[PDB]
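Just so you know, structure 1 and structure 2 below are the same protein chain in two forms, each on its own as structure tokens.
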Structure 1
């Protein structure tokens, strides 16, 4: 099973023509992030067969040079997000490594699908592309991962991400949940939650190799 087949099935099931037309207009008319060639970078770097972990995000970062198609990741020489800083602090406390690389392409290559639920945003306007169709698309992605894979870890940070438990078959997959790494919630259960080692313990228990969350 490959993403091309899944994407085709989704675009067959639902009519995305109005969404495609809107995004065409938006990219030619406004400043939309990430760069268009990166909208599906999570999928490009983590082929369907390689998925071991899914981490859900929100919409992309909306500042220059930040977003590049992976949830929570920023490019080098971009403003560094507080949630990512807290993810890295917990990683250092959990696994032990201090990451210096600001982007998460390492994690994607290891099999971590870094899936925003909304895949575009206008510059400087958080949530500007909410409710245009992306949530239908990314729900169907989540469901396809749950349906066609076995023994994947779904890491669901924050209540909105946790609503997606309805799309996940908990008899075949692991769910790790906690509050979100944002400063507004991190001190009430994200720090000390050890999601990275919990994910690896699960993967090892089902005969899979762990994620290398550290610098490569």
Structure 2
């Protein structure tokens, strides 16, 4: 089963013409991230058949040379966002390995779908593309993953991501959830939560090979 088939289903069930018209005008008259050709990079790097873990983000980074179409990841030479710094600290305490690149294309190749719930943002304006149709799209994507895959780990950080629990069949799938890794919340249950090894233990229980989370 392929993304192109799923996207066709979604774009038939909902009419996204007004979203595309709004985005066309946004990319012409404003500074929108990520670069247009990167909007679907999470789908390009993690084919549907390859998904083993889904990690939900929120909006793309809204500063220059940060976002590139993956949840949490920034471009290889960009500085570490606070949440990613915390994710890597937990990674070092949980799995043992140390990452120094802030780029997550390797995780995506391993089968980690790094899906933001909203896929575009205007520069410096948090939430500026909330409710233009991305949530409809991306809710449908989560459903599709749940419906058509046999056994996936969904990793749900923060309350907004946890609102997607109702779209995920937990008789089929593994939910791992905690407070958000942001330094604003991370001490209320992100540190020590071991999402990476928990994900891998579940994958092995179901006869799948673990994610290599180390630099690869």
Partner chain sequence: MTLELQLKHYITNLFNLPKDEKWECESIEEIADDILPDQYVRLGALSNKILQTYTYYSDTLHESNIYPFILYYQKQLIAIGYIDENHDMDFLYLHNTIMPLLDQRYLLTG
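Positions refer to the first chain, counted from 1. Between two forms, the rigid core is defined as the largest C-alpha subset superposing within 1.5 Å.
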Between structure 1 and structure 2, the form deposited with the partner chain bound: 2
Cα displacement of residue 200 between structure 1 and structure 2, once the rigid core is superposed (Å): 0.2
Angstrom displacement of the CA atom of residue 101 between structure 1 and structure 2, core fixed: 1.1
Shift in Å of the C-alpha at residue 77 between structure 1 and structure 2 after core superposition: 2.6
